[PDB]
Structures are given as C-alpha cells and as structure tokens.
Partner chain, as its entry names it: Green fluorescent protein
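Single chain ahead, written as structure tokens, the form solved without the partner chain.
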C-alpha cells in the first residue's frame, strides 16, 4: 500500500500474511489450520466462521480481544487452509467430529468461550448442549438460533432450499462457485480489496468437489419442513437448552441493516442473560464493522471474567 491509498487498503491483511501467522495440527485422519494468540491461556475464546469463509474472516476482530484471553480461530475442515474430510462428507456432524477432536489437542481450560457466526454458531451451540459444564459464555451473530419456517422477508424459503438441494443447486456451487463468488461479496457492504477477495476464493478456486463444503452447509438448514432430521433435532435440543440457560452469559451482535439478523433477533431474544449490541453490516458483518465488533466482544469478555 501507499500513504495515498484508502484506509481499507493501508489496513489490509492479505491471505498470505494471515496464513503465515497460522499453525497446523494433525487431527484424526486430516489436519486443521488455525490462528492461536497463545497468551492469557487461562481462558480460551474460540472463534468459528460459517459458510464460504475461513479463519481469515476474523483477522481484524481478534486484535482487540487477544490482550484479555487466548484467541483460537480454526479453518473448519474442507475450508480455508485446513485438510479435507477423510470420508468426503461435510455435514454439521462431520465438522463437529473434527472440531471436538481438535479441541482435545489444544490444552484448553475446562470452561471456554465461543464466538460464532452462521454455522459456526450452530457448532458452538451444539458443543454447549453436549458439554454444558464447559461453557463460560457465548457470543453469536447471524446465527442458527432455532428451527426455521417460511417468514415475511423470505416467504419461499422451502423452494429456495429445494433448489439448493437439487442438481441445479449442485451446479450453481460446484461449477459456478455461487456462495464464494456471488453470495459472499453481495452480503458485505464495502468493497473487498482484490487480495481480500482472493483470500476467500483461494480454497475454492478450482471447479468441482473442492467446493463441496459450501454446498453441504446450506443443505443442513434446519427447516421445520424438509430439514435434515439429525440437524433439526440438534437445533431443537440446543434451542431449548439455551432458552433455559439463565446462568450462561451471552452477547448477540445484530447487523444493521443485516441479513438473517432481523428474522433471528426475536429468536435470540428468547435466550436469557443476553447482552445486545448492533453494528453495521449485512451477513458477513466482520468485514463491515470488525473494530466495533472486537471492542464489544472485548468488553463483554472482560466483564464476564470479572463477574
């Protein structure tokens, strides 16, 4: 960059710059690429991206939080610079298998903090449900909070999911990279620098099966009518648990104007002990308000740990 460039270019962290700061660890039959701030390891804040993205999504958020707790940020299996799944499956429970095996190797404390976006939040919530004594706090945003029914902003959701579950949906993703090349830039308000978009494109630059995780994620959607039954049960279970979790501090980060935020905020409001903040964004809000997000999370984590 040069001094005369826009601020977003002067602040840019490229893919190679981010990847050089990551570590790799063998996990089961594969490996996970991840960022680990290491210091302040008495707590661990695990940041989980969702569809289309990777640990790179959090690169401008994490600097704010590192000074108060160890921050650990994986590329989910099949995504970013992580290895692939050994049986070629990329369902929620495949991701959960690798995530939990990875946790066992990280020297974590008994109670951890999650920061989840999109399907990353679903992984956090399911982990919490299954390990209710291992959760200190949860931050969530644009998240899978509950089972899903057609609603006012999206009246034909069943039909759109039918499309994504069809062969034409498969073409849209595996052939045309729909989620990375179309949806991702559309749901960030700002312009990504070429190198920033390149970091998201890189894992999925080739046509075909390498793009499978970006097709598999939306096919997991917990629709009340048509949802995968294992995911529907997982979400029903963790939703009931979260509604009753009076002693579990939560932070919900709403995007303004948002994508899923307006439809899911009422769902998020059903969880007790939730602090609510709002930042600029559509779906990938980390790209539109990373500093505000990082500061709100830092403050929340500090107060959770003090109280």
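Positions refer to the first chain, counted from 1. Definition used throughout: the rigid core is the maximal C-alpha set that superposes within 1.5 Å between two forms.
Just so it is clear, the following notes concern the form solved in complex with the partner chain, a form of the same protein that is not shown.
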{"item": "Partner proximity in the deposited bound form: residue 153 to the partner chain, non-hydrogen atom cutoff 4.5 Å", "value": "yes"}
{"item": "Partner proximity in the deposited bound form: residue 5 to the partner chain, non-hydrogen atom cutoff 4.5 Å", "value": "yes"}
{"item": "Residue 63 within 4.5 Å of the partner chain in the deposited bound form, heavy atoms", "value": "no"}
{"item": "4.5 Å heavy atom contact, residue 54 to the partner chain in the deposited bound form", "value": "no"}
{"item": "Candidate stretches 258 to 266, 239 to 247, 64 to 72, 32 to 40 - the one whose heavy atoms come within 4.5 Å of the partner chain in the deposited bound form", "value": "258 to 266"}
{"item": "Heavy atom within 4.5 Å of the partner chain in the deposited bound form - residue from 171, 131, 111, 190", "value": "190"}
{"item": "Position in contact with the partner chain when the complex is considered in the deposited bound form, options 89, 166, 186, 100, heavy atoms within 4.5 Å", "value": "186"}
{"item": "From 206, 104, 153, 168, residue displaced between the shown form and the other one - CA threshold 2 Å or more, rigid core", "value": "153"}
{"item": "Cα-Cα trend for residue 225 and residue 157, given that in the deposited bound form the distance shifts by 3 Å or more", "value": "farther"}
{"item": "Closer or farther in the deposited bound form: C-alpha pair residue 259, residue 156 (3 angstroms or more)", "value": "closer"}
